[PDB]
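Single chain ahead, written as structure tokens, the form deposited in one PDB entry.
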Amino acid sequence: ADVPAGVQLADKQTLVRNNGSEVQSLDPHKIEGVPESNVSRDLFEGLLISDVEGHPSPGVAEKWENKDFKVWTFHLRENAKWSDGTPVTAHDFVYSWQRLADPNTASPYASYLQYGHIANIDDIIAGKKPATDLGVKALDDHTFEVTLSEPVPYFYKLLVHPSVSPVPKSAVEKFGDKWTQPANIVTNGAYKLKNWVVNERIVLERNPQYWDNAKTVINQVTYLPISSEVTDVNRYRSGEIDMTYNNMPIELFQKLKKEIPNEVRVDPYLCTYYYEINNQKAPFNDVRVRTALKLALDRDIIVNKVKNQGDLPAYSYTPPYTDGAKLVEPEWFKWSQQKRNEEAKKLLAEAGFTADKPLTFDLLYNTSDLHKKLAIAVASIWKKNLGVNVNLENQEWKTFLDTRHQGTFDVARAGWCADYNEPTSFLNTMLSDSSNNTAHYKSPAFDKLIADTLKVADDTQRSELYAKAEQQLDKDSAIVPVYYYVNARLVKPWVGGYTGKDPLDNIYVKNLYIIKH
């Protein structure tokens, strides 16, 4: 943390943050969500980290170079250490990235190594080559070298993500699945795990072995698993919570802006809210069905009437403000809703749906006041505008993610936030073989367009290919884009260090501080 000259620090430097749900895991290779990553950034530190404004900055690596954007060499700081006092080395990273790549780890982010194009990743993921064949090596204890199969100019930007953070081999091997328990875990971020009560709280305490520990101000941070945005706001206003999760209650949001304007933080956020269609399950394997749902959804109603929190109606997967996005707004988005509805009704009728045999399916969402209210509204909009019947089903976060990976669903509420600020952070998740492809979308044409982006050595050609890839996704109606999120949350006046300038919202508690109040 960088405490401005003249600010008075509170005697007690403790923080309570709501985290939206119970985490899937504390193991960096078994996680894929925002709640998981929120805790991960405090416990595990990779090569690079985001600074307070989100710029890729030195993490375990103090400096790095690239040779033709294909061979990246990371110089690790000599004083990087784990919470048990042992050094963080290049060998930790070799082991960790191999474990991420190994099919037996079954990481939801195994494909992150394909996104960066680390040498031999496809064969390793497919079980054709051993994980030890991955294009990574420790040149010495403090030098980690990464070899890519093609030039990736933005490669370093990927390295702040939890999936590429180091894990302690000794603990993993000795304790297996219980390595993340407080008594067994070993961490290298600014914090260490003190307590973990499932569905109650996660308590982290400062890690004195952290290389930058002298600049850490908060001594303890608690992460709560409250999925009710109303409850989160209530416990924030009661004094228990210092920072809410960034999902706001429809019930209370308007009032909050007028009641505590200075505490309501609303900043740009590179995330897209959409309805994920299971593309491999009939009748959703029919583009006419998918297009009808996409068109019959009234974004103006949802975004400006039901939600009204500053979100922008979406027509794409990648947010248009992503660095490098030069997207073409589709013609259907410019139409009137009635015109969209007619087209939707016509396509559904074409697909074989009548009043006698209407389209009926499930709408899965993770337990939440916001998602339930949006799902009820969408169910109503689709019933009125298209004559479809929707069965709402809620599931806890971890279960919900597993269900989408399993393909045991029809339509699911979804949200994707950038891992790095570049269009492929979104587009790569729709590749036929992506470990993050929960839409179960497989398009050779889409795959080709993205493959071509690293075959050109020009940003204008790359951007045009990204625009074409979005048009392909849109023509196939892979998903139902709803809106581009805004990062809205409540932050107590005494919480210093949260600028809200980072569009990826990669917060580190080590950068925050409590002002005397």
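Don't overthink the numbering: it's just position in the shown sequence, from 1.
Remark: stretch with higher mean C-alpha B factor among 461-469 and 476-484 is 461-469. When the mean C-alpha temperature factors of 118-126 and 320-328 are read from the deposited coordinates, 118-126 comes out higher. Sorting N308, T231, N428, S238 by the CA temperature factor given in the entry leaves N308 at the top. Set against one another, the Cα B-factors of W382, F144, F155, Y275 in the record reach their highest point at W382. Ranked against the other modelled residues of its chain, the C-alpha B-factor of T360 as given in the entry falls in the highest third. Per the PDB record, residue ranking by Cα B-factor puts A1 in the highest third of the chain. Ranked against the other modelled residues of its chain, the C-alpha B-factor of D452 as given in the entry falls in the highest third. When all modelled residues of the chain are sorted by CA temperature factor, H75 is found within the middle third. Annotation for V7: CA B-factor lies in the highest third of the chain's modelled residues.
Below, we turn to the form deposited in another entry, even though it does not appear here.
If you assign each C-alpha to whichever superposition fits it better, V289 and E200 land in different rigid parts between the shown form and the other one.
The gap between the Cα atoms of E229 and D410 is larger in the other form, by no less than 3 Å, than in this form.
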